[PDB]
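Letter by letter, the chains look like this.
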Amino acid sequence: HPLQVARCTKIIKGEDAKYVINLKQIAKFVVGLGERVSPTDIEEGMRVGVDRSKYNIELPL
Amino acid sequence: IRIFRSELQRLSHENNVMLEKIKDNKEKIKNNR
Amino acid sequence: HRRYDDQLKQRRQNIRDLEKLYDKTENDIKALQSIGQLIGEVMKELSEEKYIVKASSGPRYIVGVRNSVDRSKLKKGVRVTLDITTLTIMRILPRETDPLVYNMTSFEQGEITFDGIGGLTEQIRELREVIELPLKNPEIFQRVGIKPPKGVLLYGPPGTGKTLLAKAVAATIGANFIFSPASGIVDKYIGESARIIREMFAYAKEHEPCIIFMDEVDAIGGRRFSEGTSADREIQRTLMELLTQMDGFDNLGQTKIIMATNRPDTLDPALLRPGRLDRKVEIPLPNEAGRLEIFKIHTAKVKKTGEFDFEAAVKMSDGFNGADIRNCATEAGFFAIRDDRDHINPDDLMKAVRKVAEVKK
Amino acid sequence: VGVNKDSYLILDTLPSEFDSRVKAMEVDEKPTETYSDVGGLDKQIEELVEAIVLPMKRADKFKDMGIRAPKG
Amino acid sequence: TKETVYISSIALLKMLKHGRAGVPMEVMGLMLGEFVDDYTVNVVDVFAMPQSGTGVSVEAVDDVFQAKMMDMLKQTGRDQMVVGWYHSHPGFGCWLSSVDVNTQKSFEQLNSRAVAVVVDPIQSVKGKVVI
């Protein structure tokens, strides 16, 4: 599934429920500090993933 | 003797009153994060 | 009885200690509910109730007065606080357009006082009456009707106690010493170069008294190859800026500017005119008397045995600056760890003094 | 730092997890390298140990003397 | 399709005031009133629910808060049903979010029918009100 930047355009909840990785200079989204244990998931939007460079987030889908 | 006894129950109650108050704040912080 | 007291005190101590913590978290949530507020600069003031702003968050805006606002203090390039939606003037901050913390490195006071470096005493004396007195007392120069002094020049090799004299004049005034790297004043964008000089001058008046110390005036000034065009126009733009503010309507009063140059002959003759640099101090090699006063001070603050001989070291030393005396202390100290001591002794001192002599003239 | 995206207020400060060093300086943290790559350099080794290493260890000894120590 | 939803003055005033300070983080509350037959929705009062610092959500509705305000309302003599909900949502006024559609679908099954009132506070300073 190629994604090298992954918007989900204001899916909003909240603790959490936005879970969006953007890797682009403009907008730095870090989901750091070790584990979030998930079955499959960051968040929704055809684009669960963790770009080409990973701000933690150990590799769903 | 009396003075000590009457004080002491009120002090036990005031710990609970704070425990609500801090409980509420913690909830608030969670929505914000 | 006995039981009831032991709980009561301890429970009284607990409730207070918990309470301070809980209120702090509740004040925290309050502070967080607040909403952002966009920063701009006033481009020019259009009226008394309409202003033109170049936003530092957006495009160009017309913004208005709020309540109880300062209406005659908003000038070109002062940083201002504007509301997110209201778009009216919420606050005025001091002018800033360049970091203050790396393009300007600040040393509040000086590292050393101005009578602890003693044996540079002549140079101490004539820096003290040119720089300190107009800052402290602008009134005497106004009352006579003469100009306060403009610029002062330090010349000679760096670390002849050159650096000392510059740090030291600032301490006594309680000025901020502000070291500016001249190359960094070399941005390759439109007016960045203009911007940086101006901002230091503006900040010098806000945070007054202050020393703006400009190190090397041959990366932004100097006489160049021949002053043609090879990339000698970047250098020409920088110098032109210095010359225009000094000569013009702008002036130096609680902004003192200090130039530093390896040798003074290398500087443009405009800079050599009065009305740029009136004071021109030279830094020579000290006297034997001068060396003597500097050594006694230097060796004083270092712990040493009664059998130490100041008299012997001074005699061996000729052409020594503050730095050379400092080397003799540290060199001896290598021999003093070696000789298994916790203090400096004549044996350590002689060897050290001869080695520092040998390495140089 | 953690700043809210719809409220514009600083909720928290973090440590660095990804911040630049200003990439153009090269880092080798405590490479294991010995005085036994090269022999025969004894005198220079001695000189070097006094210049940096002996002060570093006997910072205290230099403090008791009262003396300035060499940073380069 | 066509319904004249009747807004009380006090509901309006309190919605514009709150909504203007509340942005850029979304704010919601509950609308009180009555259905009368059909063709008519009367809104009588409105009260705020809490803010959340990244915007209100279906996950943020809290039934205990809404409940405790109504029960206390009753002993003045304010006895109304819920007829809907208000939300700020900048850049919504003729469009709805997919989250907001789904949110409305849960709410209207509890009521008989329900309005999603979306107020925009940006063009409420331009000599017009958008609602």
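The structure under discussion appears in the preceding block.
**Q** Looking at this structure, how should I read the overall build of chain B?
**A** Scanning chain B for helices and strands turns up 1 helix and 0 strands. When its C-alpha atoms are laid out on the principal axes, chain B stretches across 50 × 5 × 5 Å. Burial statistics for chain B: of 33 residues in total, 15% are counted as buried. Total accessible area computed for chain B in this model is approximately 2,700 Å², and 54% of it derives from carbon and sulfur atoms.

**Q** Just checking my understanding: could you explain the interface of chain C and chain D for this structure?
**A** In many reports, interface size means the accessible area that the parts give up when they come together. Facing the 21 residues of chain C at the interface are 17 residues of chain D. In total, chain C and chain D occlude about 1,600 Å² of area from one another, counting both sides; carbon and sulfur atoms represent 66% of this. For the interface between chain C and chain D, the tally reads 0 salt bridges. Joining chain C to chain D, the criterion identifies 3 residue pairs in polar contact. Residue assignment for the side of chain C that touches chain D shows that the elements contributing at least two residues are α1 (2–33) and α10 (322–338) of chain C. With 7 residues, the single largest contributor to the side of chain C that touches chain D is α10 of chain C. Across the side of chain C that touches chain D, the residue classes tally to 10 nonpolar, 6 polar and 5 charged.

**Q** Which parts of the structure should I look at to understand the nonpolar core?
**A** The nonpolar side chains of soluble globular proteins are, as a tendency, buried together. Residues and elements named next belong to chain C. Grouped together as the largest cluster of nonpolar side chains are 36 residues, with contacts concentrated most on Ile 131, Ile 211 and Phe 213. The element that contributes the greatest number of residues to this core is helix α4 (residues 162–173), accounting for 7 residues. Setting aside its immediate chain neighbours within four residues, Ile 131 contacts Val 152, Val 169, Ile 173 and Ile 211. Core analysis: the next-biggest nonpolar cluster, separate from the first, contains 24 residues, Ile 197, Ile 212, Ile 220 and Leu 267 among them.

**Q** Which parts of the structure should I look at to understand a nonpolar patch on the surface?
**A** All names here are of chain E. Taken together, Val 5, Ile 7, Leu 12, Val 129 and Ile 131 make up a surface patch of nonpolar side chains, about 390 Å² in accessible area. Considering the arrangement of structural elements, one finds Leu 12 in helix α1 (residues 9–22). The class for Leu 12 is partly exposed, based on a relative accessible area of 34%.

**Q** Can you help me understand α10 of chain C in this one?
**A** Helical geometry: 3.6 residues make up each α-helical turn, so side chains three or four residues apart lie on a common side. In this model, α10 of chain C (17 residues) spans 25 Å end to end at C-alpha, consistent with the 24 Å of a helix rising 1.5 Å per residue. With respect to burial, α10 of chain C is a largely interior element, 12 of its 17 residues being buried. On its buried side, α10 of chain C packs onto α8 (288–300) and α11 (346–358) of chain C together with α1 (42–57) and α2 (59–65) of chain D.

**Q** Even after reading the chapter, I still don't get α8 of chain C, so can you show me in this structure?
**A** All names here are of chain C. Helix length check: α8 (13 residues) gives 18 Å between terminal C-alpha atoms against 18 Å at 1.5 Å per residue, within 8%. Regarding α8, the residues found buried are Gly 290, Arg 291, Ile 294, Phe 295, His 298 and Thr 299. Buried positions in α8, seen along its axis, are confined to an arc of 140° and lie on one side of it. Of the residues in α8, the exposed ones pointing more than 90 degrees away from the buried face are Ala 289 and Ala 300. Among the structural elements, α9 (310–316), α10 and α11 are those in contact with the buried residues of α8.

**Q** Can you help me understand the pattern of salt bridges in this one?
**A** Opposite charge on two side chains permits them to pair, given that their charged atoms come into close proximity. Scanning all chains against the criterion turns up 24 salt bridges over all chains. The partner of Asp 19 of chain D in a salt bridge is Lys 28 of chain A, and the shortest N-O contact between them spans 4.0 Å. Across the pair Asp 247 of chain C and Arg 273 of chain C runs a salt bridge whose closest N-O atoms are separated by 3.5 Å. One end of the pair, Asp 247 of chain C, is in helix α6 (residues 234–247); the other, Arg 273 of chain C, is in the loop between α7 (269–272) and β11 (279–281), with 26 residues separating them in the sequence. Given a relative accessible area of 42%, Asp 247 of chain C falls into the partly exposed group.

**Q** Can you help me understand the pairing of strand β2 (residues 51–55) of chain C in this one?
**A** A regular strand places its side chains so that they alternate between the two faces of the sheet. All names here are of chain C. Across the 5 residues that make up β2, a large majority, 4, are buried. Sheet analysis places strand β1 (residues 39–44) next to β2, joined by 4 bridges and oriented antiparallel. In the strand pairing of β2, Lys 44 is matched with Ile 52. Connecting β1 to the antiparallel partner β2 that follows it, the hairpin turn spans 6 residues. Where β2 hands over to strand β3 (residues 60–63), the hairpin turn is made up of 4 residues, counted between the paired strands.

**Q** Can you help me understand the sheet that holds β3 of chain C in this one?
**A** Backbone hydrogen bonds hold the strands of a sheet together, and the pairing may be parallel or antiparallel. Residue and element names in this part refer to chain C. Reading across the sheet, the 5 strands line up as β3-β2-β1-β4-β5 and stay open at both edges, with antiparallel pairing between neighbours. The open sheet is flanked by β3 and β5 (89–92), the only strands paired with a single partner. Neighbouring strand axes in the sheet, compared pairwise and without regard to direction, differ in orientation by 45° on average. Here 3 bridges tie β1 to strand β4 (residues 79–82), and the two strands are oriented antiparallel to one another. Bridge pairing links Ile 39 to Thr 81 in β4.

**Q** Help me out: how do you make sense of the pairing of β3 of chain C in this one?
**A** Here β2 of chain C pairs with β3 of chain C via 4 bridges, running antiparallel. Counterpart to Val 53 of chain C in the pairing with β3 of chain C is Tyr 61 of chain C.

**Q** When you look at the environment of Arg 60 of chain C in this model, what are you seeing that I'm missing?
**A** Residues and elements named next belong to chain C. Along the chain, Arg 60 turns up in strand β3. Note: C-alpha distance between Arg 60 and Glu 41 (19 residues apart in sequence) is 10.0 Å. Apart from residues no more than four positions distant in its own chain, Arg 60 is found in contact with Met 43 and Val 53.

Calculation criteria
- Residues numbered from 1 in each chain as written, not as in the entry; some residues may be left out.
- Chains lettered and ligands numbered in written order.
- Part of a larger assembly, values for the part shown.
- Heavy atoms only, no water.
- Helix = DSSP H or I, 4+ residues; strand = E, 2+ residues; numbered from the N terminus.
- Buried < 20%, exposed > 50% of the residue type's maximum accessible area, 1.4 Å probe, protein only.
- Areas by Shrake-Rupley, 256 points an atom, 1.4 Å probe, with all protein chains shown as cover.
- Contact = heavy atoms within 4.5 Å.
- Buried area = accessible area lost by both parts, 1.4 Å probe.
- Salt bridge = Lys/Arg side-chain N within 4 Å of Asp/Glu carboxyl O.
- Polar contact = N/O pair within 3.5 Å; in protein donor to acceptor, adjacent residues only side chain to side chain.
- Nonpolar A, V, L, I, M, F, W, Y, C, P; charged D, E, K, R; others polar.
- Core = buried A, V, L, I, M, F, W, Y, C linked by side-chain atoms within 4.5 Å.
- Patch = residues over 30% accessible without salt bridge, like charges linked within 9 Å, V, L, I, M, F, W, Y side chains within 5 Å.
- Expected span 1.5 Å × (residues − 1).
- Arc of directions from axis to C-beta.
- Pairing = 2+ DSSP bridges.
- Axes fitted to C-alpha atoms, helices over the stretch in contact; angles between N-to-C directions.

Purely geometric numbers; function is a separate question.
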